[PDB]
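Rule-based calculations on the coordinates, nothing more; no lab input. Note: ideal-geometry Cβ built from the backbone for every residue, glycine included; neighbour counts use all protein chains shown.
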Amino acid sequence: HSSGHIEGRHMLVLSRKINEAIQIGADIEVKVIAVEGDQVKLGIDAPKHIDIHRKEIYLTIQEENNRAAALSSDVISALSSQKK
């Protein structure tokens, strides 16, 4: 009550056609290689922790998301139902 509530987790997709691994600031390290149709992308999933950075943000993944962002994919952008 007043916190103590699970605000879930988030996996924010980073598109990288290099299948390299992203190790930033010893907070986030992982390469989850997924099929984006014809694009290969990694994604960072976090237990909704706080995003630590130092001088200049080293993440820019979950701090762009942290709830519901659309990077290197664009789910629906305008009209999330898509009028069909």
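Once region 9-21 is narrowed to residues that are in contact (Cβ under 8 Å) with a residue 24 or more places away in the chain and not charged (D, E, K, R), the residue that is farthest from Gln62 (Cα to Cα) is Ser15. Residue count for region 25-47 under the criterion of being in contact (Cβ under 8 Å) with a residue 12 or more places away in the chain and more than 23 Å from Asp74 (Cβ to Cβ): the result is 3. Considered as a group, the residues in region 27-44 that are more than 16 Å from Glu63 (Cβ to Cβ) and small (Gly, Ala, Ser) include one that is farthest from the chain's Cα centre (by Cα), and that residue is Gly37. Determine whether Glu7 is charged (D, E, K, R) and closer than 20 Å to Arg67 by Cα. Here the answer is yes, as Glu7 does meet what is asked.
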